[PDB]
Structure formats: C-alpha cells, structure tokens
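K.L.:
This is the structure I want to talk about, given as structure tokens.
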Amino acid sequence: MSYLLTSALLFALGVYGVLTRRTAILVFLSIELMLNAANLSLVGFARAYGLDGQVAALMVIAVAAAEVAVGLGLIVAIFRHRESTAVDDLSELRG
Amino acid sequence: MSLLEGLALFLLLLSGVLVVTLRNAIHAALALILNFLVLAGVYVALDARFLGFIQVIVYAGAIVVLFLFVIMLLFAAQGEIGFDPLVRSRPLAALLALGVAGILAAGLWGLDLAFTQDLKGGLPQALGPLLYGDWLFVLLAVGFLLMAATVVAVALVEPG
Amino acid sequence: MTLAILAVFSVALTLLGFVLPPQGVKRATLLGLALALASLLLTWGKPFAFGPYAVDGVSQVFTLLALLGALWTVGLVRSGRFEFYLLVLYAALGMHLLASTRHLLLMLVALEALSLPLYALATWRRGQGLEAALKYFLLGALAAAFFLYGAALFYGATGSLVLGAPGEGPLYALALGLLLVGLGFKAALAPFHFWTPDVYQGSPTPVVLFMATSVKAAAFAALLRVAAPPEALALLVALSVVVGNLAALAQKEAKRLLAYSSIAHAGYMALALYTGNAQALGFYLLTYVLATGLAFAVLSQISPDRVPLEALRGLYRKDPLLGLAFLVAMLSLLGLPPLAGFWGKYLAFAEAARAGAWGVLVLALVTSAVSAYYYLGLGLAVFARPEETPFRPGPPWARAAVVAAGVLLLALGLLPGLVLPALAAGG
Amino acid sequence: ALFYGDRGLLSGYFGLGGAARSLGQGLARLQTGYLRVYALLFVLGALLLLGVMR
Amino acid sequence: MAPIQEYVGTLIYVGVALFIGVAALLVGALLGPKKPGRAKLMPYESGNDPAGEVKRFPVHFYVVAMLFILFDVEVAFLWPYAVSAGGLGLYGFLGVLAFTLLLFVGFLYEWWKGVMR
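Chains as they are written, first to last, in full-length UniProt numbering: chain A, 1 to 95; chain B, 1 to 160; chain C, 1 to 427; chain D, 552 to 605; chain E, 1 to 117.
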C-alpha cells in the first residue's frame, strides 16, 4: 500500500513542479512524473485486480510518447526564434 | 521487502523532489531517469517484469533522451531568465501540491486490498493474447494516435 | 462500420497528398466526411459494437454533430497544406472513438487522438497562435494526467476500467473527481474555464468554429457515461455559468466573449447530466452546434485572425441574409421562443428539476437572463451603422451552409416533435 | 417629487446593472494570461471540487 | 520465466561494476601532477571559439530522437506478439500486421517528406 501512497505523492510533486516551474520543458517533465505515478498506481491495482493494469500502463506509455513528441514539436516551434523559454514571457492574451 | 522497499521509496520521493526542485534542467532530467530506474525496480518487485524493462527502454532510454536533445539544442539549462518570478506563488504552489496528495491520501487511507495474485511475472508471454485480443482495438487506436502524432510533429516543424 | 470509412480515408490521404494537390485532398476529405455521415444515418437504430467500441444513440448523435462541424470547418480551410486537412479527419475519428466507448483507457487514447491534431491546426503562426497553442497543450496534458490518475483510482475502486461499476465510498468519489477534472476542462466548465477564452481568441476563426462545436459535443458525449454526483455538478454549473456570463459582460472582442459564452453554455448542458437523458443533451447540442457553427462561419468570412464586436455591425446592410442568420443564432443561443435553443434549454432544466436541484436552476436562469444583454448587443448590432471593417462575403459554400444551419434551427424550434421522437433507440 | 423618485428608482436599477458588469470584469480579470496563474487557479478549482465530493 | 534471485544477482553485478569504476576513477584522480593552469582549463582551440558563438544546433537531432521514441514504442508493442505467436494464430498475426502497417505508413510519410531539413 506504500506504493500507492508514494504514487500519490509523486503526482503531488509533479503538481508542485507544474505550478512552480518557469520553463515549459520542466513543467512537461513534472507532468511526465505525474504520469509515472499514475502508472505505479495502475500496476498496484493490477496486482490486486488481475493484470489488466499492466497492459493499461503500456498503452499509457504509448499515449505519453505521442504527447511528448507533439508537445516537444510545439516547444520547438514557439521558442525557436523567440528568447528564453520562460512561460511567463507570453502574456498577449488577457482577460 | 521493507529493508530494500524503504530504500526504493525514499529514493523515488527524493528523486521527485529533485526533478521538481532542481533548476538545472539536465540535473532534473537525470533525477527523473534515476526515478525511472528505481521505478522499474519497483515494477519488477510488483511481478511486472516486462513493464520495468520497457520503462527503462522507452521512458528513460527514449523519452527523456529527446527531452535532453531539445534542451541541448536549445540551451535552456539556466531556466531563470525572463523571470516574472511571482515569489509568493512558490509556497502557495506547494500548498496545492499538499492538498492534491492529502485528499488522495484520504481516499486511500484506511484502504486495504487483496494483494494476493499470482501474476507469474509480468512477462509478455501472457500479455500477448491480452494485447492482441481484448486490447487489440485499444492497440490499433494507439497506433493511429502515434502515426497521427508523427504527422503532427512533422507538419508542426516543417520550415518552408 | 463508419470508423472503418474514416480510417481508410485518413490513411490513404496521408500518402495521396504527395500525388494530389491540397485542393484534391480537400475534396477527398469532404467526401469522406459526407460518406461517414451517411453511413451513420443508414445505421440509425442499428447499434453496433465489436470490442470496447460501442455505438448507441449517444455515439450516433454526437458523431453526427462532430461530422457536421468537420465538414463545415473544412469547407473554409483553403490552405495549400494537405496536412491542414488530415488533422481535421483525425479529430473527427478521435472524437468518434470518444463517444463510442465506455473504456476509460480507450477513452484517454481517444481524447489524445482527437486533441493532438487541434494543437497543430491552431498554427497560422500568428504570434497569438503560439501562445494559445502553448496554454492549450500544457493545460490539456495537465488535465490528461489528472484524468489518468482518476482512471487509475477507478481501477482501484473496481476491477474494470469501464464505467458503471458499483463503486466504493471515498475512493470511488475521488476517482470520479479526478475524471471530472479532465472532462470539465475539455468541456470548458469552470473553474477549469481559463484556457477557453485565450484559445478561442488566438486560434484561426474556422478552427475555433470546429473546436467550439465538435470538441464540446464529444466532451459531453463522454460525460454522459459518468455518474457525476449532484454536488460536483451543481458547483460546476454555478461557477461555470456565473463566470461565463459575467466575464462575457466585460469582453471587448467577439471571439473571447463567445468563448466565455460557450463556458456558460457548457454549464447549461451540464444540467442534462443530472439525468443523463441523452435526449435533452442530444437536442441541446444539435441546436448549439448549428447556431455556433453558423456564427463562426460568418466570423471567418469577416476575419480569421480577430474580430471585434463593431465588425459585426452594419451586417444586414452588407449582407441581409447573413445579418438575419446571425440574429437567429444570437436568439437561439439565448434560448428564446420560437427557436430551438428554448427547447434544448427547457429539456436540460426539466432534467435538472426532475433530479431535484432547484436553487442551482434558479441561478442558471438568472445568469441566462443576464446573458441577454450581450446576446442582443451582438444580434442587434447587425443593423447598426457600418464602420470600417474587412468583409469577405464568402463563397456560395458558406452562404448555403449558414442558411441550412439557420433553417434547421428554426424548423426544429417550431416543431420539435419531429426528430425528438427519434432520439432514443430511433423509431 | 414622485416623478423625481421614479427617476431615482430607475437610476437604482441602472446601478444594479452596473454592479453586474463590474462583477463581470472582476471575474474576467481572473484570466491574466500568465500560464502559472491559469495552472494555479485550475488546480485550485479541481481541489475544491475533490473536497466538495465528500 | 526466471527466479527473482537472478535480479538480486543483477544488483550485485551493478554493485561490482560501479565499485570498480569508482576505484578506477580514484586511481586516475589521485595519481597525477596537479598543476592547474588558466589556459589548460580553457576548453580548446587557441584562446576561444572552438565553435564559439553559434546559433542553436540543428533540429535534425530532435527529429531523430522523436522518430526513435515512436518506433521503440512500436517495437515494445511488437514483442508480446513475438513471444506468444503460435497461440495467437492468424488473429494475432493480422492484428500485428495492421498495427505494423499503420506505423509503416507513418514511416513512409516521414520518408517521402524526408528529414534532411
């Protein structure tokens, strides 16, 4: 059960990262950390509920890879000509 | 168990704290790779053996490799430029990170489960029929998702 | 056997774009969407499931709406990049998969598969488009992480990743909350509403059309399968509708105001979730899709980058039929008789009252009455004195599409007992 | 005097509408454009929801 | 399958390898002249500028790595079919063939577009 509590704590740490980070890429890293915490919870509950969570986490890996590829393309396109990757540098769209 | 289990969990949480705390992007990614190694060991401890090996191969070996390739093409290691710091948001952020765990801790507290199943090791020998079969539809959806992701990234960079 | 049509057209076009001009690719995409729509209709009353893919009335109706939105938004897209069409196809297929399953993990894969091509389609490369794409992608991946931990805690409360399980106490409620976070974000429900104004303001107008119609449609299609508790539903509705209407009062630009309005409208649609009627919500979303696609097709005829409210003015003198359809749309979205928005709104409110949530309903009605201020300030602006404004009076394509949308809106508003009989199994 | 008072009552209705718009722009000010702000408010609202569910 | 003892033996393997590596690095570091100089610590090429002040490196390597992560996911999906093959029969073969053809369409797309760019 310590595994599930640790997965929740890693999700919390990724939340702290996404909120605290200034850089886009480090936020994306904290999100990946959240995903891996989710995968650990899934593996525990598959050990409990019969092995489906393993294939679940596999598909999650593939989904993660897709979103990592596309998001890194985005990060390239937005900060190729532009200056520091700092996410606060774009405040054009205001309420 | 608990002898090395405490070690693995302490290393996992310490690595997460690093990956969210360290300002060296390279060092953050490296702490996440260490986290992935600790987590693949945990996976194997949980009778998921194939999944730990892919977690090393794909996640650490491939994903954060491209992360590192991006941050090395675009230096970005000293992230604190163009600050707009919002210093008071640094403690406040942690507050939310506390809550996002606590309620999870509440939903998982006093929760005991039947952790007794003979997974026979998370080997692909048994996952083959489960993947190609009950999951074949999800598999093909995933494949189309990745093919579309390739196309999306190509059209997204595509200087012309 | 419609998803097969979509897949075949997409995969073949992926290579055919090398030998076919982007215009030929556009014709091909249009043909594929029309064929998929027709195949959906010929299967009306023929639920079809093979694996976790399960077609019911919900799948049928919401995918029909999504295909309509995709056809309309493809009509306007004339860029010589065949990719700028391929992505659209994906989203449709993706959204199809979102409404066609109960499996939470296949639901996540479908969400990612329909959402990723939107991120890339939002790049006219205008500096605002980059900011919009960045906010969108980051917040969407955050919501996907939350939704995934929710699916995990669902698997924790029950041995399967399929909705409908008996459910535990705190753990099941918590998993439901972690799913609801992502689903309301995708449906632009507050307090997850922040991304919608910026993204609608930054993205090219026809893409905003496609988004504000099909994305919200498929998001509510997925919500209908969830058994969201009444407290969460009430909070979402209250906050969403209040902020939607109020922040729309302060808006100076048409697209941002319309995004806040769509936040409020998702708040309204969140009432039919009280009962999950799938008839009330199907009807509401039919009317909303038609009206909003109409409004954004007109706005695209005005300007893809950005359209202030003054640009709308004088539209009747500029084009009479366009001003008339825009007035019809503003009133239908205001939910005023004898327009179908009244019937969709009533059906949602009847579901809500049948569930027994009264004060929430009263607050929704007060916010809807407040909405009339700007709904009229937009609808009535058509008749004002024309000021300096770019005006592209469309091809016959967009004119006919707008006319059909307004005609269907009024026709189903005046006699709703025509199709409403067949929103269940499909007699 | 009753005519003036009727005018004043209409002015109070006006004031109600103006309070509505001011509240509206206070809530529209919630979205500044700093992504950290949007993320914090997002997570904050999600946590409020998760607390409500009990 | 295989017993879990082999994995603790693997941990021991890693322990010996790491210990010997650190020992070799200590041997190298402790045995040396240690006369640091300013130009000695300077990176390379006669004063400054081996590459010097250059724009960000080509995105070509990003594309290489992204291609690779996607196709390694492909392989990770192909292996469970590789182990259980005769049992999954023509059904599993057909599923894996359709999957492979989808990602091979992705490969052919990126190839006819190419990345020399």
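Where a beta carbon is used, it is the ideal one built from N, C-alpha and C, also for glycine.
Just the C-alpha distance for residue 163 (chain E) and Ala-590 (chain D), rounded to the nearest angstrom, thanks.
P.N.:
Lying before the first or after the last residue shown, residue 163 (chain E) is absent from chain E, which here runs from 1 to 117.
K.L.:
Quick one: which unbroken alpha helix (DSSP H) runs of 4-plus residues sit fully inside the segment 89-168 of chain C? Chain order, please.
P.N.:
You should have 104-121 and 127-157.
K.L.:
In three-state DSSP terms, what is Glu-253 (chain C)?
P.N.:
It is a strand residue.
K.L.:
Pick helix, strand or coil for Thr-389 (chain C), following the three-state DSSP scheme.
P.N.:
Reduced to three states, the DSSP call for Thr-389 (chain C) is coil.
K.L.:
From the beta carbon of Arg-38 (chain E), is the nearest beta carbon of chain A less than 9 Å away?
P.N.:
It does not: the Cβ of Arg-38 (chain E) has no partner Cβ on chain A nearer than 9 Å.
K.L.:
Please state if the CB of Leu-176 (chain C) and the CB of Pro-229 (chain C) are separated by a distance shorter than 9 Å.
P.N.:
Cβ atoms of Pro-229 (chain C) and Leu-176 (chain C): closer than 9 Å.
K.L.:
Bridge partners for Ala-54 (chain C) per DSSP, in chain order?
P.N.:
According to DSSP, which records beta bridges pairwise, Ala-54 (chain C) is partnered with C:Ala-49.
K.L.:
Excluding the five sequence neighbours on either side, which residues of its own chain have a C-beta within less than 8 Å of the C-beta of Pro-43 (chain E), listed in chain order?
P.N.:
Answer for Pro-43 (chain E): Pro-50, listed in chain order.
K.L.:
To the nearest angstrom, report how far apart residue 428 (chain C) and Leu-600 (chain D) are at their CA atoms.
P.N.:
Only positions 1 to 427 of chain C appear in the structure, and residue 428 (chain C) is not among them; the question remains open.
K.L.:
Could you name the residues that DSSP lists as bridge partners for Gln-78 (chain B)?
P.N.:
Its beta-bridge partners are B:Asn-24.
K.L.:
Is it buried or exposed for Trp-397 (chain C), if we count other Cβ within 10 angstroms and need 16 for buried?
P.N.:
Flag for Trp-397 (chain C) reads exposed.
K.L.:
Just the C-alpha distance for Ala-65 (chain E) and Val-73 (chain E), rounded to the nearest angstrom, thanks.
P.N.:
Their backbone Cα atoms lie some 12 Å apart in a straight line.
K.L.:
Expressed to the nearest angstrom, what Euclidean distance is found between the alpha-carbon atoms of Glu-168 (chain C) and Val-588 (chain D)?
P.N.:
If you take the alpha carbons of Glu-168 (chain C) and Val-588 (chain D), they lie about 34 Å apart.
K.L.:
Which chain C residues sit within Cβ distance under 9 Å of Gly-584 (chain D)?
P.N.:
Correct list: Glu-131, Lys-135 and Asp-198.
K.L.:
If you draw a straight line from the C-alpha of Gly-569 (chain D) to the C-alpha of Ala-247 (chain C), how long is it?
P.N.:
If I take the Cα positions, the gap works out to 13 Å.
K.L.:
Excluding the 5 residues preceding and the 5 following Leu-11 (chain E) in the sequence, name in chain order all residues of the same chain whose CB lies nearer than 7 Å to its CB.
P.N.:
Excluding residues within five positions, none has a Cβ falling inside 7 Å.
K.L.:
Within 10 angstroms of its Cβ, does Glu-388 (chain C) collect 16 or more other Cβ (buried), or is it exposed?
P.N.:
By the neighbour-count rule (16 or more Cβ atoms within 10 Å), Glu-388 (chain C) is not buried but exposed.
K.L.:
Alpha carbon to alpha carbon, what distance is there between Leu-111 (chain B) and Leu-13 (chain A)?
P.N.:
Between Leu-13 (chain A) and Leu-111 (chain B), the C-alpha separation is close to 22 Å.
K.L.:
Do the segment 43-55 of chain C and the segment 74-81 of chain C meet, that is, are 3 or more Cβ pairs less than 8 Å apart?
P.N.:
These segments do not touch.
K.L.:
Pick helix, strand or coil for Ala-400 (chain C), following the three-state DSSP scheme.
P.N.:
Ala-400 (chain C) falls in the helix class under three-state DSSP.
K.L.:
For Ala-86 (chain A), which residues does DSSP report across the bridge?
P.N.:
A:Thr-23, per the DSSP bridge assignment.
K.L.:
Can you check which of these residues, C:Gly-377, C:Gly-156 and C:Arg-225, is closest to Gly-164 (chain C) by C-alpha distance?
P.N.:
Measuring from the Cα of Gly-164 (chain C), the nearest candidate turns out to be C:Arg-225.
K.L.:
Could you tell me how far apart the beta carbons of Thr-29 (chain C) and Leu-13 (chain C) are, in whole angstroms, since I believe they sit closer than 8 Å?
P.N.:
About 7 Å separates the two Cβ atoms, so the contact holds.
K.L.:
If you check the beta carbons only, do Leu-40 (chain A) and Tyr-3 (chain A) fall under 9 Å apart?
P.N.:
Yes, the Cβ-Cβ distance between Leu-40 (chain A) and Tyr-3 (chain A) is below 9 Å.
K.L.:
With C-beta atoms as the reference, is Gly-95 (chain A) less than 9 Å away from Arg-572 (chain D)?
P.N.:
Result no, Cβ atoms of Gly-95 (chain A) and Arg-572 (chain D) do not sit closer than 9 Å.
K.L.:
Looking at C-alpha atoms only, which residue of B:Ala-141, B:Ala-126 and B:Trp-135 is the closest neighbour of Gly-86 (chain E)?
P.N.:
Minimum Cα distance to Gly-86 (chain E) is reached at B:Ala-126.
K.L.:
Output the distance between the C-alpha atoms of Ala-24 (chain E) and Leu-51 (chain B), rounded to the nearest integer angstrom.
P.N.:
Spanning the two alpha carbons is a distance of roughly 34 Å.
K.L.:
Distance check for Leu-31 (chain C) and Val-96 (chain E), CA to CA, integer angstroms please.
P.N.:
Cα-Cα distance, rounded: 30 Å.
K.L.:
In this structure, how does DSSP classify residue 431 (chain C) when only helix, strand and coil are distinguished?
P.N.:
The requested residue 431 (chain C) does not occur in the structure, where chain C is confined to residues 1 to 427.
K.L.:
Name, please, each residue of chain A whose Cβ falls closer than 8 Å to the Cβ of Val-73 (chain E).
P.N.:
The contacting residues are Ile-61, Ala-62 and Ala-65.
K.L.:
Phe-220 (chain C) and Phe-62 (chain C) - do their beta-carbons sit closer together than 9 Å?
P.N.:
The answer is yes: Cβ separation under 9 Å.
K.L.:
Under 7 Å Cβ-Cβ, which residues of chain E neighbour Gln-125 (chain B)?
P.N.:
Neighbours of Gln-125 (chain B) on chain E, chain order: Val-83 and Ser-84.
K.L.:
Please confirm whether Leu-66 (chain B) and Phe-79 (chain A) have their CB atoms less than 9 Å apart.
P.N.:
No, Cβ-Cβ distance for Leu-66 (chain B) and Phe-79 (chain A) is not below 9 Å.
K.L.:
Is DSSP giving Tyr-91 (chain E) helix, strand or coil here?
P.N.:
Looking at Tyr-91 (chain E) - three-state DSSP - the assignment turns out to be helix.
K.L.:
Report the residues of the segment 59-82 of chain B with a CB closer than 8 Å to any CB of chain E, ordered along the chain.
P.N.:
Listed by position along the chain: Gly-61, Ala-62, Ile-63, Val-65, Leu-66, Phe-69, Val-70, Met-72, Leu-73, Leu-74 and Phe-75.
K.L.:
Compare the C-beta of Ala-8 (chain B) with all C-beta atoms of chain C and state if any pair is closer than 9 Å.
P.N.:
Answer no: the Cβ-Cβ gap between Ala-8 (chain B) and chain C never drops below 9 Å.
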